[PDB]
Protein chains: 2
Amino acid sequence: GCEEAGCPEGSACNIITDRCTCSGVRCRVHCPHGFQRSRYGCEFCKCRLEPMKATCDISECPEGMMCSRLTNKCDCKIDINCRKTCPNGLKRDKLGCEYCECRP
Amino acid sequence: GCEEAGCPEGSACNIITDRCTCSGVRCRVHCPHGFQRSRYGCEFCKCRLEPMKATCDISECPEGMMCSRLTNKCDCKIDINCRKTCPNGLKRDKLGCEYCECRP
Ligand SMILES: [Cl-]
Ligand SMILES: [Cl-]
């Protein structure tokens, strides 16, 4: 987890994987609602237009759904019933949810 | 200009400076309206919600205003009357326009 620890210089926290695999924001802009992220979980230097929901828990979620660490809403299917093998791993959608297609 | 040429591997086109100083998108997502950019002019892997205006010319512009290469709208003051010296150069705002404050 880097969501707490933080990251070595030259890397930033990926909010999806909670690993320091991101490059980090190449600026020092003040963003009232924080920085936007790529759908794969890295911040970049553009301000969000509205706040990210602060927290998410499975207990809040509908049947068959779980939290997205990208959106902190119950956006992701719990079971995407996917039996593909991928080198790059699976694609994520715009809500940061994996679905059953290999990353190109 | 990289807006046409394109960029060497490991770098991508900065739409503001038209120099290959960007890292490039670390994905192969299809975005119907293209990728979002940081306010300093680099694409990242999140899809735009609406299209960028395709083209901008000064002739379209109000008095005292010129095109933003970020937005292709007449967003920037032509004269920000700024006589600061900055190592990092001047800040840009969310429309990609310079204004009279040194980058931290
Ligand atoms: Cl911004
Ligand atoms: Cl996206």
# chains A, B, ... in the order shown; residues from 1 in each chain; ligands from 1

call {"tool": "residues_around", "arguments": {"residues": "residue 98 of chain A", "least_positions_apart": "4", "cutoff": "12 Å", "atoms": "only C-alpha atoms", "output": "ChimeraX atom specification"}}
result
/A:16-17,39-40,66-70,75-82,89-94,102-103

call {"tool": "write_last_selection", "arguments": {"atoms": "N, CA, C and O atoms", "output": "short mmCIF file (atom, residue, chain, number, x, y, z; two decimals), in the first residue's frame"}}
result
data_model
loop_
_atom_site.label_atom_id
_atom_site.label_comp_id
_atom_site.auth_asym_id
_atom_site.auth_seq_id
_atom_site.Cartn_x
_atom_site.Cartn_y
_atom_site.Cartn_z
N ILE A 16 -5.52 2.29 -7.90
CA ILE A 16 -6.13 1.01 -8.17
C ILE A 16 -5.33 -0.15 -7.55
O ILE A 16 -5.88 -0.93 -6.76
N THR A 17 -4.03 -0.19 -7.82
CA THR A 17 -3.24 -1.35 -7.43
C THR A 17 -2.57 -1.13 -6.09
O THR A 17 -2.12 -2.08 -5.46
N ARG A 39 -7.68 5.97 -16.28
CA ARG A 39 -8.57 4.87 -15.90
C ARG A 39 -7.76 3.69 -15.31
O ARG A 39 -8.34 2.78 -14.71
N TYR A 40 -6.44 3.68 -15.55
CA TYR A 40 -5.57 2.67 -14.93
C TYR A 40 -4.97 3.10 -13.61
O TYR A 40 -4.19 2.37 -13.04
N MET A 66 -19.11 -4.54 -6.63
CA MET A 66 -18.16 -4.11 -5.62
C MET A 66 -17.59 -2.74 -5.99
O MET A 66 -17.67 -2.30 -7.15
N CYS A 67 -16.90 -2.16 -5.01
CA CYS A 67 -16.33 -0.84 -5.13
C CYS A 67 -15.31 -0.77 -6.26
O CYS A 67 -14.50 -1.69 -6.45
N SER A 68 -15.28 0.37 -6.93
CA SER A 68 -14.13 0.72 -7.76
C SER A 68 -13.25 1.60 -6.93
O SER A 68 -13.71 2.62 -6.41
N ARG A 69 -11.96 1.26 -6.86
CA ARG A 69 -10.97 2.09 -6.21
C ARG A 69 -10.73 3.38 -6.99
O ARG A 69 -10.05 4.28 -6.49
N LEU A 70 -11.12 3.39 -8.27
CA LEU A 70 -11.02 4.61 -9.05
C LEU A 70 -12.10 5.61 -8.64
O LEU A 70 -11.84 6.81 -8.51
N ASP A 75 -19.14 0.23 -8.73
CA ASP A 75 -19.19 0.24 -10.20
C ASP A 75 -18.83 -1.10 -10.85
O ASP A 75 -19.16 -1.33 -12.00
N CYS A 76 -18.06 -1.93 -10.15
CA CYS A 76 -17.50 -3.13 -10.75
C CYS A 76 -18.29 -4.39 -10.45
O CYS A 76 -18.76 -4.59 -9.33
N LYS A 77 -18.47 -5.21 -11.47
CA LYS A 77 -18.96 -6.57 -11.27
C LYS A 77 -17.96 -7.31 -10.38
O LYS A 77 -16.75 -7.35 -10.70
N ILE A 78 -18.48 -8.02 -9.38
CA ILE A 78 -17.66 -8.92 -8.56
C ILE A 78 -17.10 -10.09 -9.36
O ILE A 78 -15.91 -10.42 -9.27
N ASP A 79 -17.97 -10.69 -10.19
CA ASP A 79 -17.59 -11.80 -11.05
C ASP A 79 -17.78 -11.40 -12.52
O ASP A 79 -18.90 -11.36 -13.02
N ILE A 80 -16.68 -11.21 -13.22
CA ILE A 80 -16.72 -10.98 -14.66
C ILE A 80 -16.61 -12.29 -15.46
O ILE A 80 -16.58 -12.25 -16.68
N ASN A 81 -16.63 -13.43 -14.76
CA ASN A 81 -16.49 -14.78 -15.35
C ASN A 81 -15.58 -14.80 -16.54
O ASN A 81 -16.02 -15.04 -17.65
N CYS A 82 -14.29 -14.61 -16.29
CA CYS A 82 -13.33 -14.44 -17.35
C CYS A 82 -12.25 -15.48 -17.12
O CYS A 82 -11.64 -15.51 -16.05
N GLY A 89 -2.36 -8.52 -19.04
CA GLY A 89 -3.49 -8.49 -18.12
C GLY A 89 -4.73 -7.89 -18.76
O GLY A 89 -4.70 -7.42 -19.92
N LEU A 90 -5.81 -7.86 -17.99
CA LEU A 90 -7.12 -7.50 -18.51
C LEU A 90 -7.32 -5.97 -18.68
O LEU A 90 -6.84 -5.14 -17.88
N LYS A 91 -8.16 -5.60 -19.64
CA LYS A 91 -8.51 -4.19 -19.83
C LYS A 91 -9.31 -3.71 -18.62
O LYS A 91 -10.11 -4.46 -18.06
N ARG A 92 -9.18 -2.42 -18.31
CA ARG A 92 -10.12 -1.73 -17.44
C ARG A 92 -10.95 -0.74 -18.25
O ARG A 92 -10.50 -0.20 -19.28
N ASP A 93 -12.18 -0.52 -17.80
CA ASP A 93 -13.06 0.46 -18.40
C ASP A 93 -12.87 1.86 -17.77
O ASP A 93 -12.00 2.07 -16.92
N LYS A 94 -13.67 2.81 -18.20
CA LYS A 94 -13.53 4.17 -17.71
C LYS A 94 -13.81 4.36 -16.19
O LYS A 94 -13.52 5.42 -15.61
N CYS A 102 -8.22 -8.85 -23.13
CA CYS A 102 -6.81 -8.67 -22.85
C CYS A 102 -6.39 -7.28 -23.29
O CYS A 102 -6.81 -6.82 -24.36
N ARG A 103 -5.53 -6.67 -22.48
CA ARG A 103 -4.93 -5.40 -22.85
C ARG A 103 -4.10 -5.63 -24.08
O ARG A 103 -3.25 -6.53 -24.10
#

call {"tool": "residues_near_ligand", "arguments": {"ligand": "ligand 2", "cutoff": "10 Å", "atoms": "only C-alpha atoms and all ligand atoms", "output": "ChimeraX atom specification"}}
result
/A:37-40,92-96 /B:29-31,34-36,44-49

call {"tool": "closest_residue", "arguments": {"among": "A:104, A:32, A:8, A:51", "to": "chain B", "atoms": "only C-alpha atoms"}}
result
A:104

call {"tool": "closest_residue", "arguments": {"among": "A:25, A:61, A:54, A:15", "to": "ligand 1", "atoms": "only C-alpha atoms and all ligand atoms"}}
result
A:25

call {"tool": "closest_residue", "arguments": {"among": "A:60, A:42, A:20, A:28", "to": "ligand 1", "atoms": "only C-alpha atoms and all ligand atoms"}}
result
A:28

call {"tool": "select_by_dssp", "arguments": {"residues": "chain A", "states": "helix (DSSP H, G or I)", "output": "list in words"}}
result
residues 2, 3, 4, 5, 58, 59 and 60 of chain A

call {"tool": "write_last_selection", "arguments": {"atoms": "C-alpha atoms", "output": "PDB file, in the first residue's frame"}}
result
ATOM      1  CA  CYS A   2       1.191   3.445  -1.118  1.00  0.00           C
ATOM      2  CA  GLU A   3      -2.170   5.105  -0.348  1.00  0.00           C
ATOM      3  CA  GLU A   4      -0.578   5.756   3.046  1.00  0.00           C
ATOM      4  CA  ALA A   5       3.179   5.045   2.751  1.00  0.00           C
ATOM      5  CA  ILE A  58     -18.813  -3.632  -0.047  1.00  0.00           C
ATOM      6  CA  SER A  59     -21.631  -3.376   2.529  1.00  0.00           C
ATOM      7  CA  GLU A  60     -22.895  -0.324   0.594  1.00  0.00           C
TER       8      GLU A  60
END

call {"tool": "closest_residue", "arguments": {"among": "A:11, A:43, A:74, A:101", "to": "ligand 1", "atoms": "only C-alpha atoms and all ligand atoms"}}
result
A:43

call {"tool": "closest_residue", "arguments": {"among": "B:41, B:65, B:72, B:56", "to": "ligand 1", "atoms": "only C-alpha atoms and all ligand atoms"}}
result
B:41

call {"tool": "atom_distance", "arguments": {"atom1": "atom CA of residue 10 of chain A", "atom2": "atom CA of residue 24 of chain A"}}
result
7.1 Å

call {"tool": "atom_distance", "arguments": {"atom1": "atom CA of residue 97 of chain A", "atom2": "atom CA of residue 9 of chain A"}}
result
28.0 Å

call {"tool": "residues_around", "arguments": {"residues": "residue 19 of chain B", "least_positions_apart": "5", "cutoff": "9 Å", "atoms": "only C-alpha atoms", "output": "list in words"}}
result
residues 1, 2, 3, 7, 12, 13 and 14 of chain B

call {"tool": "closest_residue", "arguments": {"among": "A:33, A:18, A:6, A:53", "to": "ligand 1", "atoms": "only C-alpha atoms and all ligand atoms"}}
result
A:33

call {"tool": "atom_distance", "arguments": {"atom1": "atom CA of residue 23 of chain B", "atom2": "atom CA of residue 87 of chain A"}}
result
22.6 Å

call {"tool": "decode", "arguments": {"residues": "segment 35-79 of chain B", "atoms": "N, CA and C atoms", "output": "mmCIF file, in the first residue's frame"}}
result
data_model
loop_
_atom_site.group_PDB
_atom_site.id
_atom_site.type_symbol
_atom_site.label_atom_id
_atom_site.label_comp_id
_atom_site.auth_asym_id
_atom_site.auth_seq_id
_atom_site.Cartn_x
_atom_site.Cartn_y
_atom_site.Cartn_z
ATOM 1 N N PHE B 35 -7.936 11.601 -26.026
ATOM 2 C CA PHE B 35 -7.423 11.616 -24.662
ATOM 3 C C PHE B 35 -7.450 13.001 -24.065
ATOM 4 N N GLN B 36 -7.729 13.070 -22.773
ATOM 5 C CA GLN B 36 -7.582 14.288 -21.992
ATOM 6 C C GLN B 36 -6.138 14.710 -21.934
ATOM 7 N N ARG B 37 -5.913 15.989 -21.716
ATOM 8 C CA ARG B 37 -4.552 16.460 -21.554
ATOM 9 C C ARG B 37 -4.421 17.139 -20.207
ATOM 10 N N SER B 38 -3.218 17.100 -19.639
ATOM 11 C CA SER B 38 -2.867 18.039 -18.579
ATOM 12 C C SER B 38 -2.914 19.476 -19.100
ATOM 13 N N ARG B 39 -3.077 20.415 -18.175
ATOM 14 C CA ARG B 39 -3.166 21.834 -18.550
ATOM 15 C C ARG B 39 -1.837 22.321 -19.159
ATOM 16 N N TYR B 40 -0.750 21.564 -18.936
ATOM 17 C CA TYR B 40 0.529 21.892 -19.580
ATOM 18 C C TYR B 40 0.741 21.198 -20.911
ATOM 19 N N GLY B 41 -0.238 20.412 -21.369
ATOM 20 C CA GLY B 41 -0.288 19.985 -22.758
ATOM 21 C C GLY B 41 0.028 18.545 -23.130
ATOM 22 N N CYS B 42 0.129 17.661 -22.137
ATOM 23 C CA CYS B 42 0.344 16.229 -22.382
ATOM 24 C C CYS B 42 -0.901 15.328 -22.217
ATOM 25 N N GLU B 43 -1.126 14.467 -23.210
ATOM 26 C CA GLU B 43 -2.157 13.413 -23.154
ATOM 27 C C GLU B 43 -1.909 12.375 -22.052
ATOM 28 N N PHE B 44 -2.995 11.900 -21.464
ATOM 29 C CA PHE B 44 -2.912 10.802 -20.540
ATOM 30 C C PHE B 44 -4.103 9.926 -20.818
ATOM 31 N N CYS B 45 -4.069 8.703 -20.263
ATOM 32 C CA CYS B 45 -5.048 7.670 -20.615
ATOM 33 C C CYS B 45 -6.377 7.821 -19.870
ATOM 34 N N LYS B 46 -7.110 8.871 -20.204
ATOM 35 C CA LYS B 46 -8.490 9.047 -19.764
ATOM 36 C C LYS B 46 -9.182 9.674 -20.982
ATOM 37 N N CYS B 47 -10.371 9.192 -21.341
ATOM 38 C CA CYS B 47 -11.117 9.764 -22.472
ATOM 39 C C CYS B 47 -11.813 11.098 -22.166
ATOM 40 N N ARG B 48 -11.696 12.037 -23.109
ATOM 41 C CA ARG B 48 -12.459 13.284 -23.103
ATOM 42 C C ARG B 48 -13.942 12.980 -23.104
ATOM 43 N N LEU B 49 -14.710 13.828 -22.439
ATOM 44 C CA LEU B 49 -16.149 13.652 -22.456
ATOM 45 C C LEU B 49 -16.808 14.315 -23.683
ATOM 46 N N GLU B 50 -16.162 15.317 -24.269
ATOM 47 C CA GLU B 50 -16.679 15.989 -25.467
ATOM 48 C C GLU B 50 -15.513 16.301 -26.414
ATOM 49 N N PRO B 51 -15.789 16.591 -27.705
ATOM 50 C CA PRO B 51 -14.642 16.848 -28.604
ATOM 51 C C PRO B 51 -13.895 18.182 -28.340
ATOM 52 N N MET B 52 -12.601 18.202 -28.637
ATOM 53 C CA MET B 52 -11.836 19.443 -28.658
ATOM 54 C C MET B 52 -12.204 20.156 -29.949
ATOM 55 N N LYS B 53 -12.394 21.475 -29.870
ATOM 56 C CA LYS B 53 -12.661 22.277 -31.057
ATOM 57 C C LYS B 53 -11.476 22.070 -31.983
ATOM 58 N N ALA B 54 -11.751 21.811 -33.260
ATOM 59 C CA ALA B 54 -10.738 21.234 -34.144
ATOM 60 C C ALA B 54 -9.637 22.214 -34.453
ATOM 61 N N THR B 55 -10.034 23.470 -34.643
ATOM 62 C CA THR B 55 -9.132 24.496 -35.145
ATOM 63 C C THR B 55 -9.444 25.841 -34.496
ATOM 64 N N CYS B 56 -8.418 26.674 -34.392
ATOM 65 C CA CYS B 56 -8.628 28.033 -33.919
ATOM 66 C C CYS B 56 -7.741 28.974 -34.720
ATOM 67 N N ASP B 57 -8.283 30.153 -35.022
ATOM 68 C CA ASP B 57 -7.535 31.245 -35.639
ATOM 69 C C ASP B 57 -7.808 32.582 -34.934
ATOM 70 N N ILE B 58 -6.770 33.424 -34.843
ATOM 71 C CA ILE B 58 -6.857 34.789 -34.266
ATOM 72 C C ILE B 58 -7.983 35.673 -34.846
ATOM 73 N N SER B 59 -8.307 35.462 -36.120
ATOM 74 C CA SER B 59 -9.345 36.229 -36.791
ATOM 75 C C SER B 59 -10.689 35.980 -36.123
ATOM 76 N N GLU B 60 -10.865 34.784 -35.532
ATOM 77 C CA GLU B 60 -12.112 34.466 -34.817
ATOM 78 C C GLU B 60 -12.196 35.206 -33.492
ATOM 79 N N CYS B 61 -11.059 35.663 -32.994
ATOM 80 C CA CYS B 61 -10.965 36.047 -31.612
ATOM 81 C C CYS B 61 -11.477 37.437 -31.296
ATOM 82 N N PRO B 62 -12.096 37.613 -30.117
ATOM 83 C CA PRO B 62 -12.287 38.945 -29.528
ATOM 84 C C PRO B 62 -11.015 39.791 -29.447
ATOM 85 N N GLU B 63 -11.219 41.091 -29.327
ATOM 86 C CA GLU B 63 -10.158 42.011 -28.989
ATOM 87 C C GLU B 63 -9.404 41.550 -27.733
ATOM 88 N N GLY B 64 -8.068 41.557 -27.811
ATOM 89 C CA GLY B 64 -7.209 41.342 -26.651
ATOM 90 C C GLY B 64 -7.028 39.880 -26.285
ATOM 91 N N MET B 65 -7.655 38.994 -27.078
ATOM 92 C CA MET B 65 -7.679 37.548 -26.820
ATOM 93 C C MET B 65 -7.045 36.814 -27.989
ATOM 94 N N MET B 66 -6.458 35.665 -27.684
ATOM 95 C CA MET B 66 -5.950 34.766 -28.704
ATOM 96 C C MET B 66 -6.276 33.323 -28.345
ATOM 97 N N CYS B 67 -6.069 32.454 -29.330
ATOM 98 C CA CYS B 67 -6.369 31.041 -29.207
ATOM 99 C C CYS B 67 -5.559 30.393 -28.096
ATOM 100 N N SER B 68 -6.181 29.438 -27.427
ATOM 101 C CA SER B 68 -5.437 28.483 -26.608
ATOM 102 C C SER B 68 -5.240 27.256 -27.455
ATOM 103 N N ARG B 69 -4.000 26.792 -27.544
ATOM 104 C CA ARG B 69 -3.684 25.541 -28.207
ATOM 105 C C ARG B 69 -4.222 24.354 -27.423
ATOM 106 N N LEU B 70 -4.523 24.558 -26.137
ATOM 107 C CA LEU B 70 -5.136 23.509 -25.352
ATOM 108 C C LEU B 70 -6.601 23.318 -25.737
ATOM 109 N N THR B 71 -7.336 24.416 -25.834
ATOM 110 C CA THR B 71 -8.782 24.334 -26.022
ATOM 111 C C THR B 71 -9.247 24.665 -27.457
ATOM 112 N N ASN B 72 -8.348 25.260 -28.248
ATOM 113 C CA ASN B 72 -8.680 25.859 -29.556
ATOM 114 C C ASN B 72 -9.844 26.840 -29.471
ATOM 115 N N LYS B 73 -9.939 27.542 -28.345
ATOM 116 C CA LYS B 73 -10.886 28.649 -28.202
ATOM 117 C C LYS B 73 -10.074 29.873 -27.842
ATOM 118 N N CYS B 74 -10.705 31.039 -27.922
ATOM 119 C CA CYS B 74 -10.016 32.302 -27.752
ATOM 120 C C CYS B 74 -9.921 32.635 -26.288
ATOM 121 N N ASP B 75 -9.209 31.785 -25.555
ATOM 122 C CA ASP B 75 -9.230 31.800 -24.091
ATOM 123 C C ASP B 75 -8.156 32.677 -23.455
ATOM 124 N N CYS B 76 -7.057 32.906 -24.167
ATOM 125 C CA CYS B 76 -5.894 33.560 -23.586
ATOM 126 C C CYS B 76 -5.807 35.043 -23.883
ATOM 127 N N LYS B 77 -5.464 35.816 -22.862
ATOM 128 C CA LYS B 77 -5.073 37.200 -23.054
ATOM 129 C C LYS B 77 -3.848 37.227 -23.970
ATOM 130 N N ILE B 78 -3.878 38.119 -24.964
ATOM 131 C CA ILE B 78 -2.701 38.375 -25.806
ATOM 132 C C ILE B 78 -1.554 39.008 -25.020
ATOM 133 N N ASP B 79 -1.895 39.989 -24.179
ATOM 134 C CA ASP B 79 -0.930 40.671 -23.337
ATOM 135 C C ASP B 79 -1.293 40.447 -21.858
#
